[PDB]
Amino acid sequence: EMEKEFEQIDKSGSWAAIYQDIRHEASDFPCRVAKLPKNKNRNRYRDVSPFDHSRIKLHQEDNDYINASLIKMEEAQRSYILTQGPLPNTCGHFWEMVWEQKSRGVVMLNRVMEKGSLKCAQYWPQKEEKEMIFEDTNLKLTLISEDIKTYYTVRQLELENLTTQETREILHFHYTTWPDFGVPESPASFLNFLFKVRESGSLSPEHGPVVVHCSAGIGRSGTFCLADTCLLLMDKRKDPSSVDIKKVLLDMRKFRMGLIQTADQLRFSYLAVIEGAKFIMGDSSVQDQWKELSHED
Ligand SMILES: O=C(O)C(=O)Nc1ccccc1C(=O)O
């Protein structure tokens with residue numbers, strides 16, 4: 001059991017070592033394209049790249065490079081797209097990706113300013129009356145509404161492919177209290193956001209992969225995807241002890257680098273998945289307990 005391992009790691013304070021183990025076992029595959037000189041201004045960190053195998057390719061002819069990776073979880077039957085926070089030059093690539101990959105939702109786990117620095121472009125409209133149009137990829141984008149909570153906001157956006165005048169709705173889920181290189185205020189808070197997401201149809205298979213990003217597309221996003229996939233795995237079986245989290249993390253590792261930046265993030269992931277297991281194991285009343293605790297309003 002994870003509860004047992006948790007309490008054993010925790011007892012001898014070995015989270016750091018465990019985490020180090022992970023970093024050390026993880027897959028290293030090439031990122032040749034990402035390191036092409038024409039893509040310098042496309043990546044936001046020297047050090048966080050999409051592996052070639054798993055990268056998402058734009059359907060442009062010019063340059064198909066986006067810093068984004070499909071994480072495709074086979075056994076859990078759930079894909080996501082992890083990306084960095086769009087640069088001012090790639091905001092139009094980001095929405096082309098969402099257009100082409102056919103995504104329903106975008107989860108933003110970061111604030112555009114964090115820790116004094118601009119972590120991410122303002123890539124969606126913050127108001128009504130003033131849409132965006134990305135000339136380079138021929139897409140228009142409009143705020144339709146938003147539902148501001150204490151720690152997160154759900155936006156409904158309209159995306160049109162101005163070449164065909166096809167339109168689609170995108171749910172944006174913005175977690176605004178997950179500190180960069182940190183963990184959320186509590187498991188109840190995280191699991192309450194996670195389930196807003198789920199409820200909404202975004203992570204469902206009639207749709208393309210949910211786009212998940214923070215600033216880099218690795219710490220925060222890996223942290224999210226990890227809990228989700230672990231809950232989904234236990235869900236099919238109703239068998240928690242078939243879930244190995246560190247092994248799950250290593251399957252994601254194969255598809256994007258750096259998924260989960262710290263050992264407290266790892267630790268938080270066990271907390272999240274052990275708590276949510278309540279709900280997967282038929283106590284559906286915990287889901288509103290999460291909402292109380294959460295102070296969503
Ligand atoms: O945005 C995150 O959550 C994350 O993974 N961040 C980062 C990861 C790698 C390098 C830099 C950052 C950063 O934001 O400075």
# chains A, B, ... in the order shown; residues from 1 in each chain; ligands from 1

call {"tool": "closest_atom_pairs", "arguments": {"of": "chain A", "to": "ligand 1", "cutoff": "8 Å", "atoms": "only C-alpha atoms and all ligand atoms", "output": "JSON lines"}}
result
{"residue": "A:45", "atom": "CA", "partner": "ligand 1", "partner_atom_place_in_ligand_line": "10 (C)", "distance": 6.1}
{"residue": "A:47", "atom": "CA", "partner": "ligand 1", "partner_atom_place_in_ligand_line": "10 (C)", "distance": 6.9}
{"residue": "A:48", "atom": "CA", "partner": "ligand 1", "partner_atom_place_in_ligand_line": "9 (C)", "distance": 6.2}
{"residue": "A:84", "atom": "CA", "partner": "ligand 1", "partner_atom_place_in_ligand_line": "1 (O)", "distance": 7.4}
{"residue": "A:85", "atom": "CA", "partner": "ligand 1", "partner_atom_place_in_ligand_line": "1 (O)", "distance": 7.6}
{"residue": "A:109", "atom": "CA", "partner": "ligand 1", "partner_atom_place_in_ligand_line": "3 (O)", "distance": 7.2}
{"residue": "A:110", "atom": "CA", "partner": "ligand 1", "partner_atom_place_in_ligand_line": "1 (O)", "distance": 6.6}
{"residue": "A:119", "atom": "CA", "partner": "ligand 1", "partner_atom_place_in_ligand_line": "14 (O)", "distance": 6.4}
{"residue": "A:179", "atom": "CA", "partner": "ligand 1", "partner_atom_place_in_ligand_line": "3 (O)", "distance": 7.8}
{"residue": "A:180", "atom": "CA", "partner": "ligand 1", "partner_atom_place_in_ligand_line": "3 (O)", "distance": 4.8}
{"residue": "A:181", "atom": "CA", "partner": "ligand 1", "partner_atom_place_in_ligand_line": "3 (O)", "distance": 5.6}
{"residue": "A:182", "atom": "CA", "partner": "ligand 1", "partner_atom_place_in_ligand_line": "3 (O)", "distance": 7.8}
{"residue": "A:213", "atom": "CA", "partner": "ligand 1", "partner_atom_place_in_ligand_line": "1 (O)", "distance": 7.6}
{"residue": "A:214", "atom": "CA", "partner": "ligand 1", "partner_atom_place_in_ligand_line": "1 (O)", "distance": 4.3}
{"residue": "A:215", "atom": "CA", "partner": "ligand 1", "partner_atom_place_in_ligand_line": "1 (O)", "distance": 3.2}
{"residue": "A:216", "atom": "CA", "partner": "ligand 1", "partner_atom_place_in_ligand_line": "1 (O)", "distance": 4.4}
{"residue": "A:217", "atom": "CA", "partner": "ligand 1", "partner_atom_place_in_ligand_line": "5 (O)", "distance": 5.7}
{"residue": "A:218", "atom": "CA", "partner": "ligand 1", "partner_atom_place_in_ligand_line": "5 (O)", "distance": 4.2}
{"residue": "A:219", "atom": "CA", "partner": "ligand 1", "partner_atom_place_in_ligand_line": "5 (O)", "distance": 3.6}
{"residue": "A:220", "atom": "CA", "partner": "ligand 1", "partner_atom_place_in_ligand_line": "3 (O)", "distance": 4.2}
{"residue": "A:221", "atom": "CA", "partner": "ligand 1", "partner_atom_place_in_ligand_line": "3 (O)", "distance": 6.8}
{"residue": "A:258", "atom": "CA", "partner": "ligand 1", "partner_atom_place_in_ligand_line": "5 (O)", "distance": 7.6}
{"residue": "A:259", "atom": "CA", "partner": "ligand 1", "partner_atom_place_in_ligand_line": "5 (O)", "distance": 7.7}
{"residue": "A:260", "atom": "CA", "partner": "ligand 1", "partner_atom_place_in_ligand_line": "5 (O)", "distance": 7.2}
{"residue": "A:261", "atom": "CA", "partner": "ligand 1", "partner_atom_place_in_ligand_line": "5 (O)", "distance": 5.9}

call {"tool": "residues_around", "arguments": {"residues": "residue A:256", "least_positions_apart": "5", "cutoff": "9 Å", "atoms": "only C-alpha atoms", "output": "ChimeraX atom specification"}}
result
/A:27,49-51,54-55,68-71,82,217-218,222

call {"tool": "residues_around", "arguments": {"residues": "residue A:62", "least_positions_apart": "5", "cutoff": "12 Å", "atoms": "only C-alpha atoms", "output": "ChimeraX atom specification"}}
result
/A:38-39,57,93,136-137

call {"tool": "write_last_selection", "arguments": {"atoms": "N, CA, C and O atoms", "output": "CSV table (one decimal), in the first residue's frame"}}
result
chain,number,residue,atom,x,y,z
A,38,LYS,N,17.0,27.3,-34.9
A,38,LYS,CA,15.8,28.1,-35.2
A,38,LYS,C,14.7,28.0,-34.1
A,38,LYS,O,13.6,28.5,-34.4
A,39,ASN,N,15.0,27.3,-33.0
A,39,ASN,CA,13.9,27.2,-32.1
A,39,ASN,C,14.3,27.8,-30.7
A,39,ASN,O,13.6,27.6,-29.7
A,57,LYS,N,4.1,18.2,-32.8
A,57,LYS,CA,4.4,18.9,-34.1
A,57,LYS,C,3.3,19.8,-34.6
A,57,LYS,O,2.2,19.3,-34.9
A,93,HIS,N,1.1,29.7,-32.0
A,93,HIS,CA,1.4,28.2,-31.8
A,93,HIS,C,0.6,27.5,-30.7
A,93,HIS,O,0.0,26.4,-31.0
A,136,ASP,N,-0.5,35.1,-37.0
A,136,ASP,CA,0.4,34.1,-37.6
A,136,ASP,C,-0.2,32.7,-37.7
A,136,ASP,O,0.0,32.0,-38.6
A,137,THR,N,-1.1,32.3,-36.7
A,137,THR,CA,-1.8,31.0,-36.9
A,137,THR,C,-3.3,31.1,-37.3
A,137,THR,O,-3.9,30.2,-37.5

call {"tool": "closest_residue", "arguments": {"among": "A:168, A:155, A:174, A:32", "to": "residue A:112", "atoms": "only C-alpha atoms"}}
result
A:174

call {"tool": "residues_around", "arguments": {"residues": "residue A:227", "least_positions_apart": "3", "cutoff": "9 Å", "atoms": "only C-alpha atoms", "output": "number ranges by chain"}}
result
A: 191, 194, 222-224, 230-232, 245, 269-270, 272-273, 276

call {"tool": "select_by_dssp", "arguments": {"residues": "stretch 79-195 of chain A", "states": "strand (DSSP E)", "output": "ChimeraX atom specification"}}
result
/A:79-83,105-108,113-114,117-118,132-134,139-148,152-161,166-175

call {"tool": "closest_residue", "arguments": {"among": "A:159, A:2, A:118, A:171", "to": "residue A:198", "atoms": "only C-alpha atoms"}}
result
A:171

call {"tool": "residues_around", "arguments": {"residues": "residue A:138", "least_positions_apart": "2", "cutoff": "8 Å", "atoms": "only C-alpha atoms", "output": "ChimeraX atom specification"}}
result
/A:133-136,140,161-163

call {"tool": "write_last_selection", "arguments": {"atoms": "N, CA and C atoms", "output": "compact mmCIF listing (two decimals), in the first residue's frame"}}
result
# COMPACT_ATOMS: atom_id res chain seq x y z
N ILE A 133 -6.56 37.99 -31.64
CA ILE A 133 -6.41 37.38 -32.93
C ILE A 133 -4.92 37.14 -33.10
N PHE A 134 -4.64 35.86 -33.30
CA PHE A 134 -3.26 35.46 -33.57
C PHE A 134 -3.00 35.41 -35.11
N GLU A 135 -2.37 36.44 -35.66
CA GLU A 135 -2.26 36.54 -37.12
C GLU A 135 -1.52 35.42 -37.73
N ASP A 136 -0.46 35.08 -37.04
CA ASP A 136 0.43 34.05 -37.55
C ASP A 136 -0.23 32.68 -37.65
N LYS A 140 -8.77 33.36 -33.79
CA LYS A 140 -9.42 34.41 -32.97
C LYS A 140 -9.81 33.70 -31.66
N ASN A 161 -10.99 29.15 -35.53
CA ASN A 161 -10.25 28.99 -36.74
C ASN A 161 -10.90 29.80 -37.87
N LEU A 162 -10.39 31.07 -37.85
CA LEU A 162 -10.62 32.14 -38.82
C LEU A 162 -10.38 31.65 -40.26
N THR A 163 -9.57 30.59 -40.54
CA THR A 163 -9.55 30.12 -41.94
C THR A 163 -10.88 29.43 -42.45

call {"tool": "closest_residue", "arguments": {"among": "A:197, A:212, A:18, A:293", "to": "residue A:153", "atoms": "only C-alpha atoms"}}
result
A:197

call {"tool": "atom_distance", "arguments": {"atom1": "atom CA of residue A:196", "atom2": "atom CA of residue A:248"}}
result
23.0 Å

call {"tool": "residues_around", "arguments": {"residues": "residue A:53", "least_positions_apart": "3", "cutoff": "8 Å", "atoms": "only C-alpha atoms", "output": "short mmCIF file (atom, residue, chain, number, x, y, z; two decimals) with N, CA, C and O atoms, in the first residue's frame"}}
result
data_model
loop_
_atom_site.label_atom_id
_atom_site.label_comp_id
_atom_site.auth_asym_id
_atom_site.auth_seq_id
_atom_site.Cartn_x
_atom_site.Cartn_y
_atom_site.Cartn_z
N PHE A 29 15.77 10.58 -23.51
CA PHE A 29 15.76 10.39 -24.96
C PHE A 29 16.08 11.75 -25.59
O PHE A 29 15.84 12.76 -24.95
N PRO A 30 16.55 11.77 -26.86
CA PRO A 30 16.90 13.05 -27.51
C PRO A 30 15.77 14.10 -27.68
O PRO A 30 14.60 13.76 -27.82
N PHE A 255 8.04 10.33 -21.33
CA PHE A 255 7.33 11.12 -22.31
C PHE A 255 7.62 12.55 -22.13
O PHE A 255 7.62 13.29 -23.09
#

call {"tool": "decode", "arguments": {"residues": "stretch 38-77 of chain A", "atoms": "N, CA and C atoms", "output": "PDB file, in the first residue's frame"}}
result
ATOM      1  N   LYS A  38      17.017  27.273 -34.947  1.00  0.00           N
ATOM      2  CA  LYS A  38      15.832  28.069 -35.216  1.00  0.00           C
ATOM      3  C   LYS A  38      14.732  28.044 -34.123  1.00  0.00           C
ATOM      4  N   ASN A  39      15.010  27.306 -33.037  1.00  0.00           N
ATOM      5  CA  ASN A  39      13.936  27.186 -32.052  1.00  0.00           C
ATOM      6  C   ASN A  39      14.327  27.769 -30.726  1.00  0.00           C
ATOM      7  N   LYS A  40      15.490  28.466 -30.766  1.00  0.00           N
ATOM      8  CA  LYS A  40      16.005  29.040 -29.555  1.00  0.00           C
ATOM      9  C   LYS A  40      14.818  29.864 -28.894  1.00  0.00           C
ATOM     10  N   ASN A  41      14.309  30.879 -29.581  1.00  0.00           N
ATOM     11  CA  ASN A  41      13.266  31.759 -29.095  1.00  0.00           C
ATOM     12  C   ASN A  41      11.918  31.051 -28.863  1.00  0.00           C
ATOM     13  N   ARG A  42      11.910  29.758 -29.175  1.00  0.00           N
ATOM     14  CA  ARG A  42      10.737  28.994 -28.848  1.00  0.00           C
ATOM     15  C   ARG A  42      10.873  28.343 -27.498  1.00  0.00           C
ATOM     16  N   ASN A  43      12.047  28.174 -26.911  1.00  0.00           N
ATOM     17  CA  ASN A  43      11.874  27.531 -25.611  1.00  0.00           C
ATOM     18  C   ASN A  43      12.082  28.504 -24.538  1.00  0.00           C
ATOM     19  N   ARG A  44      11.323  28.423 -23.502  1.00  0.00           N
ATOM     20  CA  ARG A  44      11.498  29.367 -22.431  1.00  0.00           C
ATOM     21  C   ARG A  44      12.661  29.050 -21.404  1.00  0.00           C
ATOM     22  N   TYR A  45      13.025  27.736 -21.189  1.00  0.00           N
ATOM     23  CA  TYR A  45      14.168  27.295 -20.313  1.00  0.00           C
ATOM     24  C   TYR A  45      15.206  26.498 -21.129  1.00  0.00           C
ATOM     25  N   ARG A  46      16.513  26.706 -20.844  1.00  0.00           N
ATOM     26  CA  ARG A  46      17.651  26.066 -21.590  1.00  0.00           C
ATOM     27  C   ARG A  46      17.554  24.479 -21.498  1.00  0.00           C
ATOM     28  N   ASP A  47      16.999  24.148 -20.337  1.00  0.00           N
ATOM     29  CA  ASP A  47      17.057  22.944 -19.567  1.00  0.00           C
ATOM     30  C   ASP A  47      15.707  22.151 -19.587  1.00  0.00           C
ATOM     31  N   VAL A  48      14.598  22.773 -19.983  1.00  0.00           N
ATOM     32  CA  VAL A  48      13.367  21.946 -20.109  1.00  0.00           C
ATOM     33  C   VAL A  48      12.915  21.807 -21.596  1.00  0.00           C
ATOM     34  N   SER A  49      13.254  20.555 -22.158  1.00  0.00           N
ATOM     35  CA  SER A  49      12.867  20.325 -23.557  1.00  0.00           C
ATOM     36  C   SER A  49      11.962  19.104 -23.728  1.00  0.00           C
ATOM     37  N   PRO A  50      11.142  19.188 -24.839  1.00  0.00           N
ATOM     38  CA  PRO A  50      10.363  18.073 -25.278  1.00  0.00           C
ATOM     39  C   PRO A  50      11.281  17.050 -25.961  1.00  0.00           C
ATOM     40  N   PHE A  51      11.128  15.765 -25.551  1.00  0.00           N
ATOM     41  CA  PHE A  51      11.893  14.727 -26.271  1.00  0.00           C
ATOM     42  C   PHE A  51      11.310  14.702 -27.699  1.00  0.00           C
ATOM     43  N   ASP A  52      12.192  14.465 -28.666  1.00  0.00           N
ATOM     44  CA  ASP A  52      11.737  14.351 -30.044  1.00  0.00           C
ATOM     45  C   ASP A  52      10.564  13.309 -30.191  1.00  0.00           C
ATOM     46  N   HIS A  53      10.755  12.101 -29.588  1.00  0.00           N
ATOM     47  CA  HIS A  53       9.761  11.016 -29.838  1.00  0.00           C
ATOM     48  C   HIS A  53       8.336  11.465 -29.563  1.00  0.00           C
ATOM     49  N   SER A  54       8.211  12.027 -28.364  1.00  0.00           N
ATOM     50  CA  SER A  54       6.940  12.472 -27.830  1.00  0.00           C
ATOM     51  C   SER A  54       6.584  13.929 -28.160  1.00  0.00           C
ATOM     52  N   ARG A  55       7.426  14.734 -28.838  1.00  0.00           N
ATOM     53  CA  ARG A  55       6.951  16.124 -28.987  1.00  0.00           C
ATOM     54  C   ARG A  55       5.641  16.247 -29.910  1.00  0.00           C
ATOM     55  N   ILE A  56       4.847  17.249 -29.526  1.00  0.00           N
ATOM     56  CA  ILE A  56       3.788  17.687 -30.420  1.00  0.00           C
ATOM     57  C   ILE A  56       4.318  18.600 -31.575  1.00  0.00           C
ATOM     58  N   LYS A  57       4.052  18.155 -32.831  1.00  0.00           N
ATOM     59  CA  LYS A  57       4.425  18.930 -34.068  1.00  0.00           C
ATOM     60  C   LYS A  57       3.277  19.809 -34.634  1.00  0.00           C
ATOM     61  N   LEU A  58       3.441  21.124 -34.797  1.00  0.00           N
ATOM     62  CA  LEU A  58       2.356  21.953 -35.310  1.00  0.00           C
ATOM     63  C   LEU A  58       2.123  21.448 -36.728  1.00  0.00           C
ATOM     64  N   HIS A  59       0.890  21.589 -37.204  1.00  0.00           N
ATOM     65  CA  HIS A  59       0.677  21.304 -38.615  1.00  0.00           C
ATOM     66  C   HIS A  59       0.978  22.536 -39.461  1.00  0.00           C
ATOM     67  N   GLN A  60       2.043  23.267 -39.110  1.00  0.00           N
ATOM     68  CA  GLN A  60       2.488  24.272 -40.068  1.00  0.00           C
ATOM     69  C   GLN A  60       3.489  23.622 -41.033  1.00  0.00           C
ATOM     70  N   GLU A  61       3.753  24.355 -42.111  1.00  0.00           N
ATOM     71  CA  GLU A  61       4.918  23.957 -42.946  1.00  0.00           C
ATOM     72  C   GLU A  61       6.239  24.686 -42.538  1.00  0.00           C
ATOM     73  N   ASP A  62       6.088  25.982 -42.153  1.00  0.00           N
ATOM     74  CA  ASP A  62       7.214  26.819 -41.686  1.00  0.00           C
ATOM     75  C   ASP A  62       8.159  26.112 -40.667  1.00  0.00           C
ATOM     76  N   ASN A  63       7.634  26.040 -39.476  1.00  0.00           N
ATOM     77  CA  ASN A  63       8.275  25.374 -38.369  1.00  0.00           C
ATOM     78  C   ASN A  63       7.171  24.835 -37.475  1.00  0.00           C
ATOM     79  N   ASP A  64       7.044  23.490 -37.495  1.00  0.00           N
ATOM     80  CA  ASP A  64       6.232  22.653 -36.585  1.00  0.00           C
ATOM     81  C   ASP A  64       6.663  22.608 -35.068  1.00  0.00           C
ATOM     82  N   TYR A  65       7.741  23.329 -34.653  1.00  0.00           N
ATOM     83  CA  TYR A  65       8.187  23.146 -33.265  1.00  0.00           C
ATOM     84  C   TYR A  65       7.349  23.972 -32.268  1.00  0.00           C
ATOM     85  N   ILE A  66       6.757  23.239 -31.323  1.00  0.00           N
ATOM     86  CA  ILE A  66       6.245  23.715 -30.032  1.00  0.00           C
ATOM     87  C   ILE A  66       6.853  22.965 -28.796  1.00  0.00           C
ATOM     88  N   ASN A  67       7.186  23.757 -27.760  1.00  0.00           N
ATOM     89  CA  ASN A  67       7.576  23.115 -26.529  1.00  0.00           C
ATOM     90  C   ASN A  67       6.301  22.535 -25.868  1.00  0.00           C
ATOM     91  N   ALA A  68       5.987  21.281 -26.288  1.00  0.00           N
ATOM     92  CA  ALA A  68       4.872  20.526 -25.743  1.00  0.00           C
ATOM     93  C   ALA A  68       5.095  19.008 -26.000  1.00  0.00           C
ATOM     94  N   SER A  69       4.649  18.197 -25.099  1.00  0.00           N
ATOM     95  CA  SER A  69       4.766  16.741 -25.169  1.00  0.00           C
ATOM     96  C   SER A  69       3.444  15.991 -24.884  1.00  0.00           C
ATOM     97  N   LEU A  70       3.099  15.067 -25.758  1.00  0.00           N
ATOM     98  CA  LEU A  70       1.954  14.212 -25.411  1.00  0.00           C
ATOM     99  C   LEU A  70       2.384  13.190 -24.356  1.00  0.00           C
ATOM    100  N   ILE A  71       1.855  13.228 -23.161  1.00  0.00           N
ATOM    101  CA  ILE A  71       2.076  12.093 -22.256  1.00  0.00           C
ATOM    102  C   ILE A  71       0.925  11.064 -22.498  1.00  0.00           C
ATOM    103  N   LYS A  72       1.258   9.915 -23.015  1.00  0.00           N
ATOM    104  CA  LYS A  72       0.205   9.011 -23.350  1.00  0.00           C
ATOM    105  C   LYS A  72       0.176   7.829 -22.368  1.00  0.00           C
ATOM    106  N   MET A  73      -0.667   7.863 -21.301  1.00  0.00           N
ATOM    107  CA  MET A  73      -0.740   6.725 -20.348  1.00  0.00           C
ATOM    108  C   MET A  73      -1.665   5.506 -20.821  1.00  0.00           C
ATOM    109  N   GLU A  74      -1.051   4.488 -21.532  1.00  0.00           N
ATOM    110  CA  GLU A  74      -1.598   3.191 -22.103  1.00  0.00           C
ATOM    111  C   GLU A  74      -2.562   2.485 -21.098  1.00  0.00           C
ATOM    112  N   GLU A  75      -2.019   2.017 -19.988  1.00  0.00           N
ATOM    113  CA  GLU A  75      -2.785   1.258 -19.015  1.00  0.00           C
ATOM    114  C   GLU A  75      -3.945   2.170 -18.442  1.00  0.00           C
ATOM    115  N   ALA A  76      -3.631   3.409 -18.030  1.00  0.00           N
ATOM    116  CA  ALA A  76      -4.685   4.261 -17.498  1.00  0.00           C
ATOM    117  C   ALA A  76      -5.620   4.761 -18.570  1.00  0.00           C
ATOM    118  N   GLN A  77      -5.219   4.646 -19.798  1.00  0.00           N
ATOM    119  CA  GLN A  77      -6.074   5.081 -20.915  1.00  0.00           C
ATOM    120  C   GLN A  77      -6.471   6.579 -20.900  1.00  0.00           C
TER     121      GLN A  77
END
